[PDB]
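# Working through the structure, step by step
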Amino acid sequence: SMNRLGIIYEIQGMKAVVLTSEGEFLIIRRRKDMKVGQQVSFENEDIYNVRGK
């Protein structure tokens with residue numbers, strides 16, 4: 001659980017755009033917790049960018 005914090009900036013179906021505390025836009029898996037506008041705690045494991053592949 002490598003937790004990263006980001007604000008749900010936008011949603012792409014099952015993907016979510018998070019504007020992190022770093023000010024970076026990352027594409028993550030959208031969970032049911034993802035509401036547009038809120039800062040969510042996700043894992044790096046949720047990140048579609050930093051998947052590991």
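Residues numbered from 1 in each chain as written, not as in the entry; some residues may be left out. Heavy atoms only, no water.

What the entry reports as its method is solution NMR.

## Let's talk about the sheet that holds strand β1 (residues 3-12)
Pairing in this open sheet of four strands is antiparallel, and the strands run β3-β2-β1-β4 from one edge to the other. Where the open sheet ends on each side, the last strands, each with one partner, are β3 (25-29) and β4 (39-43). Within this sheet the neighbouring strands show an average axis-to-axis angle of 55°, counted without direction. Sheet topology note: the β1/strand β2 (residues 15-20) ladder contains six bridges and is antiparallel. Residue pairing across strands places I11 opposite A16, the latter belonging to β2. (Pairing = 2+ DSSP bridges. Helix = DSSP H or I, 4+ residues; strand = E, 2+ residues; numbered from the N terminus. Axes fitted to C-alpha atoms, helices over the stretch in contact; angles between N-to-C directions.)

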